[PDB]
Amino acid sequence: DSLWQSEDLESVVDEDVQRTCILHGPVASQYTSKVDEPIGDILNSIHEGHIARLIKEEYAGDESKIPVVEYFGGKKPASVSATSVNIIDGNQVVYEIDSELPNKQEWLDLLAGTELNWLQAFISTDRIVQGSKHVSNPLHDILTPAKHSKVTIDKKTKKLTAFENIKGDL
Amino acid sequence: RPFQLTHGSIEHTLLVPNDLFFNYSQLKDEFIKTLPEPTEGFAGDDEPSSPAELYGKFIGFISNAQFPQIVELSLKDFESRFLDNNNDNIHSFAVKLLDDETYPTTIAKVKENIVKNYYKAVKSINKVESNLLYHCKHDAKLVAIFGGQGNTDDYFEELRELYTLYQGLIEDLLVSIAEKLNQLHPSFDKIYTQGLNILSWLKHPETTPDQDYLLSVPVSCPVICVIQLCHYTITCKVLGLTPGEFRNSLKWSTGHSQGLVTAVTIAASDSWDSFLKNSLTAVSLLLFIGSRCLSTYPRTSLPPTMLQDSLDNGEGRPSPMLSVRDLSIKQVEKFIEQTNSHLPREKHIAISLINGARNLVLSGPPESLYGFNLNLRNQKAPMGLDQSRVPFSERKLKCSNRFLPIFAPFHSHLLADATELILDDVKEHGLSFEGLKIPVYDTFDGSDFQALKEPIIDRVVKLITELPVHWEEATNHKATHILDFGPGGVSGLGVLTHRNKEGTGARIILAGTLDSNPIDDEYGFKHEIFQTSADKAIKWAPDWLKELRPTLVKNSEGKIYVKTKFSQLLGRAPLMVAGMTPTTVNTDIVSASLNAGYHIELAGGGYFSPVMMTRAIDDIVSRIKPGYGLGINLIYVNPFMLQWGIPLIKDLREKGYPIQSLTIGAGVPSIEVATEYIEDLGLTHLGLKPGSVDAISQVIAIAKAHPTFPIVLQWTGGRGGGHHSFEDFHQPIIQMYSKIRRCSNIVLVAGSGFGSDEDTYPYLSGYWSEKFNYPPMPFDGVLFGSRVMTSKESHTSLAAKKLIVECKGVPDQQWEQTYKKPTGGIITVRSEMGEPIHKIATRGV
Ligand SMILES: Cc1cc2nc3c(=O)[nH]c(=O)nc-3n(C[C@H](O)[C@H](O)[C@H](O)COP(=O)(O)O)c2cc1C
């Protein structure tokens, strides 16, 4: 237990740094030249440095070429890659279901669609924040395929509507 | 009326025309009596084990019978029943037959009696296929490479089986070649009396002499040329493309030590007769090279003592070539001059050929090379020495050096006297090559043969014998697909030139063997060249300059972020902060930084009871912006921490706190322990940082067992950590990076001494392998531990922060000499457990 004394120097003998031990890296030390600066600003410096270099290596100093996405993240570190055949949307879309075309994951992706929009994020995400409380996504449970049901995402994903044949009526 | 073939437990039903069932039946009576009796699961090499193979033996048996009008109808029925929309792509169907579980997985029962009989019974294949793969010139490029001498020990059965299966596509070719071979044979007698009749040897295997005679350069040179000629002719014939117009589909071509003759002959050919004539001239030259390279420097009897001692030390049978691996060129050249300081100029050892930065081959008399490897064994260390416990900077050089299967000291001064005689033979016969069409890159200079004042043959003979091989200078490619028609297959030039071009967008397609598919799909096989699909016919290689290159993105509020394979999971910068027991236990260093939008994990070493962890996590969550999550850095060495932390994480995740990551500290856990981590307690990714090559293998094993859950590797190279596992930051991953990336769910980030954009960008982009002569090797992210200690948020004492500031750094290659002196104010000291610790050099330290 010789690790905390560097943190709390006011406690040790006569507040002498040379008596305490600080764990640090020989390779990263030359990069540490500023003192008492925000960690956010440090990671910034690195982030916009990468911005600048990555622009000035292939984007020819133009940020318009950058492929802007609506929300950054979600389905895996790679670019979102579900079953590409079933990654589809459309203006007038209704999804008839049977026993031939159910399966949990592919149905969820089929409902999600292609564009990284609000609906795709809402359906695809594996977690919902409840006042800073990561819980399971309820869409996964409630959008489970059911016999003789129907999902309508008409008008370019403005709204999803799921129907089931209650008392023999959809 | 349907016709049903039965054999053992397998039957095949086909709809034959009515007024043939009589004479279609007579063949059947003759087919059942030619096949072996069933034995324990169709295990006979001649025995069918699939309906397609059974019908293929039917269609091949009917070919030896003089009875037309059925053979082509049967071929069409086979194509319709088994080859849907790929009727001229049987190579894909054969290798897909392997993936079936009913068929016992083996290549012997697939390649022959399916592909052999198909092309034995096929009509003229002069049908131009969907050759749109090269039609996009700016997107696809084809380069033909040709192997050299000694790619394999038993090269002869390559040509044996190629004649065995592709007799119909090479029958008019090999007879014509061997006719010239036997015409030119008598002028070079008394040196190989056992004959040079390939046709008699292939038709009668008992006429073929021993492999000691066969593997000799004078015999193997014409045979290797015939091998590559047959491979190219089969390549042009299966697609039904004229070689003159198939050459148009190629951008440029070059070859190995021996293969340059084929590389330049490949463009002198326009028609089938012209290609035959040029092959006839080429095969004649190789007879002269083999004859005069043996008469100029005849290999004499070698005592059994030296070869026995070389074999007992793990080497090969001594040869004019000594291949040394795993050392740089500047080291090999340093050692060879020391070795030759005790040798004359007649036995001198000089750089002969360079397969890479860490694979060279030296040339000289066998006793001189055995004197070289005696020294190298004195300088080296065993494989089982366990280099992990002594620092890398002061370990011993590791190598595996042995001799190649070639019987002539090529690419040195020794054959420099032979060249003047060799060119004389060129003048003695009609050895001449007409105008070059595709550029051919020089093996030594790297230039084109078109802009030459001197002829071609008289200079390639100088190149093969005297000029050294700078192999990578010749193959400075600008292309996507590389096709090897030469010997070796998996044991030849193709794999070692793939290793030099792993991420440069080069897709290696093996035309020598057809036994796809490898478990990693590093390289393709014969089927890929002949695929006729529009966009599915081309398998693209990992282009790690563009594929895993970072991109960017703009926000709706006007701010810009980085799009990578770590940032996308993070939804933020691909720049994490590692968990530190002193540093990252402050609620403020984690909370006040997450509000900025960057990823940090809390180290559990600064907390000693679950109530303290819960009180810290609750405080961080209460002040961060709602929706962000935090990681937890755990430590594996102490079981107490594990047993009070793992239950805490499980039920805090069941509650639903933003606990987001679990970085396990030093010591990669077992598969069973990591099993419940991944499945039961519900995280997004698992931080599982290793510290050794064995640990990296263990984490890859952990990644295989769970091919759904992301695993951030976080491989630290022990350069800047607290408990630095002392290893190089490059070597443990330079050899196993493309053993990690065979994972749909692996994440690879790197730490150990990162502080700024300039030193981290090469690792993300992948250009960090340029100094080590490797393809671009991108990293998903980079973790920072020592550069954020001087941050405002950190509660480390301001005076210690100052001491760090005036504490200077260490250049990378010197980091490991921190065991003696205050290298940049930082030394390594032993812990109470024996683990090395980096500490600021102070009076206490
Ligand atoms: C003060 C300090 C404490 C650290 N504590 C831990 C730890 O408890 N567990 C661990 O796995 N790594 C620990 N590390 C190592 C970091 O996790 C990281 O791997 C290392 O700092 C390499 O990055 P760097 O070169 O920028 O320091 C510590 C590093 C420092 C500087």
# chains A, B, ... in the order shown; residues from 1 in each chain; ligands from 1
call {"tool": "residues_around", "arguments": {"residues": "segment 43-49 of chain B", "least_positions_apart": "2", "cutoff": "10 Å", "atoms": "only C-alpha atoms", "output": "PyMOL selection string"}}
result
chain B and resi 7-10+34-41+51-57+102-104+108-110+112-114
call {"tool": "residues_near_ligand", "arguments": {"ligand": "ligand 1", "cutoff": "7 Å", "atoms": "only C-alpha atoms and all ligand atoms", "output": "compact mmCIF listing (two decimals) with N, CA and C atoms, in the first residue's frame"}}
result
# COMPACT_ATOMS: atom_id res chain seq x y z
N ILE A 22 5.42 8.03 -7.30
CA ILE A 22 4.40 8.31 -8.29
C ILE A 22 4.62 7.38 -9.48
N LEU A 23 3.57 6.67 -9.87
CA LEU A 23 3.66 5.74 -10.99
C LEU A 23 3.35 6.47 -12.29
N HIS A 24 4.29 6.41 -13.22
CA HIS A 24 4.17 7.18 -14.45
C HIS A 24 4.99 6.49 -15.53
N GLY A 25 4.75 6.89 -16.77
CA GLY A 25 5.34 6.22 -17.90
C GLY A 25 6.51 6.94 -18.52
N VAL A 27 7.63 6.59 -21.49
CA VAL A 27 7.35 6.92 -22.88
C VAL A 27 6.34 8.06 -23.00
N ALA A 28 5.39 8.16 -22.08
CA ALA A 28 4.37 9.19 -22.16
C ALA A 28 4.75 10.48 -21.44
N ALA B 578 -7.48 4.70 -19.35
CA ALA B 578 -7.34 3.44 -18.65
C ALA B 578 -7.60 3.63 -17.16
N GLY B 579 -8.00 2.55 -16.50
CA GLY B 579 -8.28 2.61 -15.08
C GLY B 579 -7.03 2.47 -14.24
N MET B 580 -6.79 3.45 -13.38
CA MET B 580 -5.58 3.50 -12.56
C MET B 580 -5.98 3.50 -11.09
N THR B 581 -5.36 2.63 -10.31
CA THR B 581 -5.71 2.51 -8.90
C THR B 581 -5.42 3.80 -8.13
N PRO B 582 -4.27 4.47 -8.32
CA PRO B 582 -4.15 5.82 -7.74
C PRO B 582 -5.11 6.82 -8.36
N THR B 583 -5.08 6.94 -9.69
CA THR B 583 -5.66 8.08 -10.39
C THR B 583 -7.16 7.95 -10.62
N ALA B 603 -11.09 2.45 -11.65
CA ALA B 603 -10.29 1.34 -11.15
C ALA B 603 -10.77 0.96 -9.75
N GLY B 605 -9.22 -0.72 -7.46
CA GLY B 605 -8.20 -0.88 -6.44
C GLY B 605 -8.26 0.19 -5.36
N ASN B 633 -12.63 -0.77 -13.96
CA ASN B 633 -11.37 -1.49 -14.10
C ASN B 633 -11.17 -2.35 -12.87
N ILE B 635 -9.21 -5.87 -10.99
CA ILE B 635 -7.87 -6.43 -10.94
C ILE B 635 -7.99 -7.91 -10.62
N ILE B 664 -10.78 -6.02 -17.01
CA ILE B 664 -10.03 -6.89 -16.11
C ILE B 664 -8.55 -6.55 -16.20
N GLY B 665 -7.93 -6.38 -15.03
CA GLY B 665 -6.55 -5.95 -14.94
C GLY B 665 -5.57 -7.04 -15.33
N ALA B 666 -4.37 -6.95 -14.76
CA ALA B 666 -3.31 -7.88 -15.09
C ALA B 666 -3.74 -9.32 -14.81
N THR B 716 -1.51 -3.62 -23.66
CA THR B 716 -0.45 -2.70 -23.28
C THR B 716 0.91 -3.34 -23.51
N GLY B 718 3.64 -2.54 -21.96
CA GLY B 718 4.47 -2.37 -20.79
C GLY B 718 5.51 -1.27 -20.93
N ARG B 719 5.11 -0.14 -21.51
CA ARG B 719 6.03 0.98 -21.67
C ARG B 719 5.73 2.15 -20.74
N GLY B 720 4.50 2.31 -20.27
CA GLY B 720 4.17 3.47 -19.47
C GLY B 720 3.28 3.18 -18.27
N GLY B 721 2.96 1.92 -18.05
CA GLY B 721 2.02 1.55 -17.01
C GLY B 721 2.62 1.62 -15.63
N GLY B 722 1.78 1.34 -14.64
CA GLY B 722 2.27 1.16 -13.29
C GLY B 722 2.88 -0.22 -13.15
N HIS B 723 2.06 -1.25 -13.26
CA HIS B 723 2.54 -2.63 -13.24
C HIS B 723 2.81 -3.11 -14.67
N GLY B 751 -2.11 0.95 -25.62
CA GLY B 751 -1.63 1.98 -24.72
C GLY B 751 -0.12 2.03 -24.63
N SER B 752 0.40 2.03 -23.41
CA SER B 752 1.84 1.96 -23.16
C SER B 752 2.59 3.11 -23.83
N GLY B 753 2.29 4.33 -23.39
CA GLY B 753 3.11 5.46 -23.79
C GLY B 753 2.53 6.33 -24.89
N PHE B 754 1.24 6.65 -24.79
CA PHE B 754 0.58 7.53 -25.73
C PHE B 754 0.17 8.82 -25.03
N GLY B 755 0.54 9.95 -25.64
CA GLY B 755 0.22 11.23 -25.05
C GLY B 755 -0.35 12.28 -25.97
N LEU B 783 -5.60 3.81 -25.58
CA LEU B 783 -5.90 4.15 -24.20
C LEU B 783 -4.78 4.99 -23.60
N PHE B 784 -5.15 5.91 -22.71
CA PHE B 784 -4.21 6.85 -22.12
C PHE B 784 -4.22 6.71 -20.60
N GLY B 785 -3.05 6.41 -20.04
CA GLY B 785 -2.98 6.34 -18.59
C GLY B 785 -2.06 7.33 -17.91
N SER B 786 -0.90 7.63 -18.48
CA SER B 786 0.07 8.45 -17.79
C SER B 786 -0.01 9.92 -18.19
N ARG B 787 -0.69 10.23 -19.28
CA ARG B 787 -0.74 11.60 -19.77
C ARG B 787 -1.91 12.38 -19.19
call {"tool": "closest_atom_pairs", "arguments": {"of": "chain B", "to": "chain A", "cutoff": "6 Å", "atoms": "only C-alpha atoms", "output": "tab-separated table"}}
result
residue	atom	partner	partner_atom	distance
B:552	CA	A:66	CA	5.9
B:553	CA	A:68	CA	4.7
B:554	CA	A:68	CA	5.4
B:565	CA	A:77	CA	4.4
B:566	CA	A:77	CA	5.7
B:568	CA	A:73	CA	4.5
B:569	CA	A:77	CA	4.5
B:571	CA	A:73	CA	4.8
B:593	CA	A:40	CA	5.5
B:596	CA	A:40	CA	5.6
B:626	CA	A:132	CA	4.2
B:627	CA	A:132	CA	4.8
B:656	CA	A:134	CA	5.1
B:657	CA	A:133	CA	5.1
B:658	CA	A:134	CA	5.5
B:720	CA	A:25	CA	3.4
B:721	CA	A:25	CA	5.8
B:722	CA	A:23	CA	5.3
B:753	CA	A:28	CA	4.3
B:754	CA	A:28	CA	5.5
B:755	CA	A:31	CA	5.1
B:756	CA	A:46	CA	5.6
B:757	CA	A:46	CA	4.7
B:786	CA	A:24	CA	5.4
B:787	CA	A:32	CA	5.6
B:790	CA	A:35	CA	5.4
B:791	CA	A:37	CA	5.0
B:792	CA	A:36	CA	4.3
B:796	CA	A:7	CA	4.1
B:797	CA	A:7	CA	5.4
B:805	CA	A:33	CA	5.2
B:808	CA	A:30	CA	5.3
B:809	CA	A:30	CA	3.9
B:810	CA	A:26	CA	5.1
B:812	CA	A:27	CA	5.9
B:826	CA	A:26	CA	5.9
B:838	CA	A:23	CA	5.6
B:839	CA	A:23	CA	4.2
B:840	CA	A:22	CA	5.3
B:842	CA	A:18	CA	4.8
B:843	CA	A:18	CA	5.0
B:844	CA	A:19	CA	4.4
B:845	CA	A:21	CA	5.8
call {"tool": "residues_around", "arguments": {"residues": "residue 521 of chain B", "least_positions_apart": "3", "cutoff": "10 Å", "atoms": "only C-alpha atoms", "output": "PyMOL selection string"}}
result
chain B and resi 508+516-518+524-525+539+541+742
call {"tool": "write_last_selection", "arguments": {"atoms": "N, CA, C and O atoms", "output": "PDB file, in the first residue's frame"}}
result
ATOM      1  N   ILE B 508      -4.488 -12.404 -52.814  1.00  0.00           N
ATOM      2  CA  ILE B 508      -3.690 -13.519 -53.305  1.00  0.00           C
ATOM      3  C   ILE B 508      -4.626 -14.674 -53.616  1.00  0.00           C
ATOM      4  O   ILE B 508      -5.372 -15.130 -52.742  1.00  0.00           O
ATOM      5  N   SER B 516      -9.829 -25.271 -51.297  1.00  0.00           N
ATOM      6  CA  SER B 516     -10.460 -24.235 -50.487  1.00  0.00           C
ATOM      7  C   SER B 516     -11.542 -24.841 -49.595  1.00  0.00           C
ATOM      8  O   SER B 516     -12.145 -25.863 -49.933  1.00  0.00           O
ATOM      9  N   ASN B 517     -11.809 -24.205 -48.448  1.00  0.00           N
ATOM     10  CA  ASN B 517     -11.320 -22.871 -48.096  1.00  0.00           C
ATOM     11  C   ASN B 517     -10.532 -22.918 -46.781  1.00  0.00           C
ATOM     12  O   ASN B 517     -10.861 -23.703 -45.891  1.00  0.00           O
ATOM     13  N   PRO B 518      -9.493 -22.092 -46.657  1.00  0.00           N
ATOM     14  CA  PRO B 518      -8.788 -21.991 -45.376  1.00  0.00           C
ATOM     15  C   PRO B 518      -9.672 -21.393 -44.295  1.00  0.00           C
ATOM     16  O   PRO B 518     -10.637 -20.676 -44.570  1.00  0.00           O
ATOM     17  N   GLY B 524      -7.129 -16.865 -51.657  1.00  0.00           N
ATOM     18  CA  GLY B 524      -8.081 -17.644 -52.413  1.00  0.00           C
ATOM     19  C   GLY B 524      -7.428 -18.823 -53.118  1.00  0.00           C
ATOM     20  O   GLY B 524      -6.224 -19.044 -53.037  1.00  0.00           O
ATOM     21  N   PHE B 525      -8.255 -19.588 -53.817  1.00  0.00           N
ATOM     22  CA  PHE B 525      -7.784 -20.750 -54.556  1.00  0.00           C
ATOM     23  C   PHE B 525      -8.291 -20.683 -56.000  1.00  0.00           C
ATOM     24  O   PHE B 525      -8.795 -19.652 -56.454  1.00  0.00           O
ATOM     25  N   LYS B 539     -13.562 -11.755 -54.744  1.00  0.00           N
ATOM     26  CA  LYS B 539     -13.349 -11.678 -53.301  1.00  0.00           C
ATOM     27  C   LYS B 539     -12.277 -10.631 -53.028  1.00  0.00           C
ATOM     28  O   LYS B 539     -11.155 -10.735 -53.534  1.00  0.00           O
ATOM     29  N   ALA B 541      -9.590  -8.388 -50.813  1.00  0.00           N
ATOM     30  CA  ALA B 541      -8.625  -8.555 -49.732  1.00  0.00           C
ATOM     31  C   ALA B 541      -8.772  -7.433 -48.709  1.00  0.00           C
ATOM     32  O   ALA B 541      -9.329  -6.377 -49.024  1.00  0.00           O
ATOM     33  N   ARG B 742      -9.296 -12.181 -37.012  1.00  0.00           N
ATOM     34  CA  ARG B 742     -10.248 -13.210 -37.407  1.00  0.00           C
ATOM     35  C   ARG B 742     -11.344 -13.327 -36.355  1.00  0.00           C
ATOM     36  O   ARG B 742     -11.620 -14.418 -35.845  1.00  0.00           O
TER      37      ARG B 742
END
call {"tool": "atom_distance", "arguments": {"atom1": "atom CA of residue 138 of chain A", "atom2": "atom CA of residue 150 of chain A"}}
result
18.5 Å
call {"tool": "select_by_dssp", "arguments": {"residues": "segment 16-100 of chain A", "states": "helix (DSSP H, G or I)", "output": "PyMOL selection string"}}
result
chain A and resi 39-59+84-86
call {"tool": "write_last_selection", "arguments": {"atoms": "C-alpha atoms", "output": "compact mmCIF listing (two decimals), in the first residue's frame"}}
result
# COMPACT_ATOMS: atom_id res chain seq x y z
CA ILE A 39 -8.69 16.23 -19.07
CA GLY A 40 -11.48 17.13 -21.47
CA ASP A 41 -9.18 19.65 -23.14
CA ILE A 42 -6.41 17.04 -23.36
CA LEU A 43 -8.62 14.48 -25.06
CA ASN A 44 -9.91 17.34 -27.21
CA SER A 45 -6.38 18.26 -28.32
CA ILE A 46 -5.91 14.64 -29.37
CA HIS A 47 -9.35 14.40 -31.02
CA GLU A 48 -9.12 17.54 -33.17
CA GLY A 49 -5.50 16.68 -33.94
CA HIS A 50 -6.77 13.46 -35.46
CA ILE A 51 -9.51 15.50 -37.16
CA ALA A 52 -6.93 17.74 -38.81
CA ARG A 53 -4.57 15.00 -39.93
CA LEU A 54 -7.30 12.64 -41.16
CA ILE A 55 -8.77 15.51 -43.20
CA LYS A 56 -5.41 16.54 -44.64
CA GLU A 57 -4.55 13.01 -45.70
CA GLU A 58 -7.44 12.02 -47.98
CA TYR A 59 -10.32 14.51 -47.71
CA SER A 84 -28.40 -6.73 -45.94
CA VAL A 85 -31.17 -8.41 -47.95
CA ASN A 86 -33.64 -7.67 -45.15
call {"tool": "select_by_dssp", "arguments": {"residues": "segment 400-527 of chain B", "states": "strand (DSSP E or B)", "output": "PDB file with C-alpha atoms, in the first residue's frame"}}
result
ATOM      1  CA  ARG B 402      18.036 -24.172 -42.719  1.00  0.00           C
ATOM      2  CA  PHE B 403      18.850 -25.148 -46.287  1.00  0.00           C
ATOM      3  CA  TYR B 441       9.025  -5.302 -63.532  1.00  0.00           C
ATOM      4  CA  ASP B 448      10.448  -2.460 -67.547  1.00  0.00           C
ATOM      5  CA  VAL B 469      17.159 -10.732 -55.524  1.00  0.00           C
ATOM      6  CA  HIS B 470      15.569  -7.665 -53.948  1.00  0.00           C
ATOM      7  CA  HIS B 481      -5.395  -9.333 -57.338  1.00  0.00           C
ATOM      8  CA  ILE B 482      -2.226 -11.435 -57.534  1.00  0.00           C
ATOM      9  CA  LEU B 483      -2.406 -14.865 -59.179  1.00  0.00           C
ATOM     10  CA  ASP B 484       0.376 -17.418 -58.660  1.00  0.00           C
ATOM     11  CA  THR B 504      -1.992  -3.255 -49.164  1.00  0.00           C
ATOM     12  CA  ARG B 507      -5.754 -10.347 -52.940  1.00  0.00           C
ATOM     13  CA  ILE B 508      -3.690 -13.519 -53.305  1.00  0.00           C
ATOM     14  CA  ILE B 509      -5.487 -16.200 -55.317  1.00  0.00           C
ATOM     15  CA  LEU B 510      -3.752 -19.595 -55.379  1.00  0.00           C
ATOM     16  CA  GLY B 524      -8.081 -17.644 -52.413  1.00  0.00           C
TER      17      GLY B 524
END
call {"tool": "residues_around", "arguments": {"residues": "residue 100 of chain A", "least_positions_apart": "3", "cutoff": "12 Å", "atoms": "only C-alpha atoms", "output": "list in words"}}
result
residues 96, 97, 103, 107, 145, 146, 147 and 148 of chain A
call {"tool": "residues_around", "arguments": {"residues": "segment 186-195 of chain B", "least_positions_apart": "2", "cutoff": "9 Å", "atoms": "only C-alpha atoms", "output": "number ranges by chain"}}
result
B: 182-184, 197-198, 208-209, 213, 218-219, 287-288, 291, 294-295
call {"tool": "write_last_selection", "arguments": {"atoms": "N, CA, C and O atoms", "output": "JSON list (two decimals), in the first residue's frame"}}
result
[["chain", "number", "residue", "atom", "x", "y", "z"],
["B", 182, "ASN", "N", 13.37, -33.66, -75.81],
["B", 182, "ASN", "CA", 14.14, -34.82, -76.23],
["B", 182, "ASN", "C", 14.99, -34.55, -77.46],
["B", 182, "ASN", "O", 16.04, -35.18, -77.62],
["B", 183, "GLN", "N", 14.58, -33.62, -78.33],
["B", 183, "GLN", "CA", 15.46, -33.18, -79.40],
["B", 183, "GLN", "C", 16.71, -32.48, -78.89],
["B", 183, "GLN", "O", 17.79, -32.69, -79.45],
["B", 184, "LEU", "N", 16.59, -31.66, -77.84],
["B", 184, "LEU", "CA", 17.72, -30.95, -77.27],
["B", 184, "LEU", "C", 18.46, -31.76, -76.21],
["B", 184, "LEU", "O", 19.54, -31.34, -75.78],
["B", 197, "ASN", "N", 12.57, -37.79, -70.33],
["B", 197, "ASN", "CA", 11.33, -38.12, -71.04],
["B", 197, "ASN", "C", 10.17, -38.01, -70.06],
["B", 197, "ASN", "O", 9.86, -38.95, -69.32],
["B", 198, "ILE", "N", 9.52, -36.84, -70.05],
["B", 198, "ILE", "CA", 8.43, -36.60, -69.11],
["B", 198, "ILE", "C", 7.21, -37.45, -69.46],
["B", 198, "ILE", "O", 6.50, -37.93, -68.57],
["B", 208, "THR", "N", 10.11, -43.47, -63.76],
["B", 208, "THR", "CA", 10.58, -42.23, -63.14],
["B", 208, "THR", "C", 11.67, -42.53, -62.11],
["B", 208, "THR", "O", 11.44, -43.30, -61.17],
["B", 209, "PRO", "N", 12.84, -41.93, -62.26],
["B", 209, "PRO", "CA", 13.93, -42.17, -61.30],
["B", 209, "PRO", "C", 13.63, -41.57, -59.93],
["B", 209, "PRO", "O", 12.55, -41.04, -59.66],
["B", 213, "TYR", "N", 17.60, -37.47, -58.08],
["B", 213, "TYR", "CA", 17.84, -37.07, -59.46],
["B", 213, "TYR", "C", 16.82, -36.05, -59.96],
["B", 213, "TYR", "O", 17.18, -35.13, -60.70],
["B", 218, "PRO", "N", 19.06, -29.06, -63.16],
["B", 218, "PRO", "CA", 18.98, -29.35, -64.60],
["B", 218, "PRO", "C", 17.70, -30.04, -65.03],
["B", 218, "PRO", "O", 17.23, -29.79, -66.14],
["B", 219, "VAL", "N", 17.12, -30.87, -64.17],
["B", 219, "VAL", "CA", 15.87, -31.56, -64.48],
["B", 219, "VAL", "C", 14.67, -30.70, -64.11],
["B", 219, "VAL", "O", 13.71, -30.60, -64.87],
["B", 287, "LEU", "N", 16.80, -25.73, -70.20],
["B", 287, "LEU", "CA", 17.74, -26.83, -70.35],
["B", 287, "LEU", "C", 19.19, -26.36, -70.33],
["B", 287, "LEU", "O", 20.02, -26.97, -69.65],
["B", 288, "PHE", "N", 19.50, -25.27, -71.05],
["B", 288, "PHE", "CA", 20.85, -24.73, -71.05],
["B", 288, "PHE", "C", 21.24, -24.23, -69.67],
["B", 288, "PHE", "O", 22.36, -24.48, -69.20],
["B", 291, "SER", "N", 21.85, -27.29, -67.43],
["B", 291, "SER", "CA", 23.03, -28.04, -67.81],
["B", 291, "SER", "C", 24.31, -27.31, -67.44],
["B", 291, "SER", "O", 25.22, -27.89, -66.83],
["B", 294, "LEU", "N", 25.04, -26.85, -63.71],
["B", 294, "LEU", "CA", 25.54, -28.07, -63.09],
["B", 294, "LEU", "C", 26.96, -28.39, -63.52],
["B", 294, "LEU", "O", 27.76, -28.86, -62.69],
["B", 295, "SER", "N", 27.30, -28.16, -64.79],
["B", 295, "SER", "CA", 28.66, -28.42, -65.25],
["B", 295, "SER", "C", 29.66, -27.37, -64.78],
["B", 295, "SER", "O", 30.84, -27.69, -64.60]]
call {"tool": "decode", "arguments": {"residues": "segment 76-87 of chain A", "atoms": "N, CA and C atoms", "output": "mmCIF file, in the first residue's frame"}}
result
data_model
loop_
_atom_site.group_PDB
_atom_site.id
_atom_site.type_symbol
_atom_site.label_atom_id
_atom_site.label_comp_id
_atom_site.auth_asym_id
_atom_site.auth_seq_id
_atom_site.Cartn_x
_atom_site.Cartn_y
_atom_site.Cartn_z
ATOM 1 N N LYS A 76 -23.223 -1.793 -33.304
ATOM 2 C CA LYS A 76 -21.873 -2.339 -33.410
ATOM 3 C C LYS A 76 -20.866 -1.261 -33.803
ATOM 4 N N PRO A 77 -19.590 -1.431 -33.438
ATOM 5 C CA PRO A 77 -18.562 -0.480 -33.893
ATOM 6 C C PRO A 77 -18.478 -0.312 -35.401
ATOM 7 N N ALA A 78 -18.642 -1.389 -36.155
ATOM 8 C CA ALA A 78 -18.625 -1.280 -37.602
ATOM 9 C C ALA A 78 -19.871 -0.541 -38.081
ATOM 10 N N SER A 79 -19.842 -0.121 -39.346
ATOM 11 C CA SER A 79 -21.033 0.440 -39.968
ATOM 12 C C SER A 79 -22.150 -0.589 -39.876
ATOM 13 N N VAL A 80 -23.371 -0.137 -39.576
ATOM 14 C CA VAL A 80 -24.455 -1.052 -39.236
ATOM 15 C C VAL A 80 -24.624 -2.099 -40.330
ATOM 16 N N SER A 81 -24.487 -3.367 -39.944
ATOM 17 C CA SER A 81 -24.490 -4.489 -40.880
ATOM 18 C C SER A 81 -25.374 -5.599 -40.322
ATOM 19 N N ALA A 82 -26.662 -5.535 -40.641
ATOM 20 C CA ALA A 82 -27.576 -6.639 -40.415
ATOM 21 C C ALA A 82 -27.630 -7.498 -41.675
ATOM 22 N N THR A 83 -28.635 -8.366 -41.762
ATOM 23 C CA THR A 83 -28.839 -9.102 -43.002
ATOM 24 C C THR A 83 -29.210 -8.111 -44.098
ATOM 25 N N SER A 84 -28.264 -7.841 -45.002
ATOM 26 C CA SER A 84 -28.399 -6.733 -45.944
ATOM 27 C C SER A 84 -29.599 -6.904 -46.865
ATOM 28 N N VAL A 85 -29.975 -8.154 -47.142
ATOM 29 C CA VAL A 85 -31.165 -8.409 -47.950
ATOM 30 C C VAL A 85 -32.401 -7.868 -47.244
ATOM 31 N N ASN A 86 -32.491 -8.101 -45.936
ATOM 32 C CA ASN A 86 -33.638 -7.671 -45.150
ATOM 33 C C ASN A 86 -33.495 -6.256 -44.604
ATOM 34 N N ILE A 87 -32.405 -5.557 -44.921
ATOM 35 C CA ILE A 87 -32.252 -4.155 -44.548
ATOM 36 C C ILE A 87 -32.926 -3.304 -45.618
#
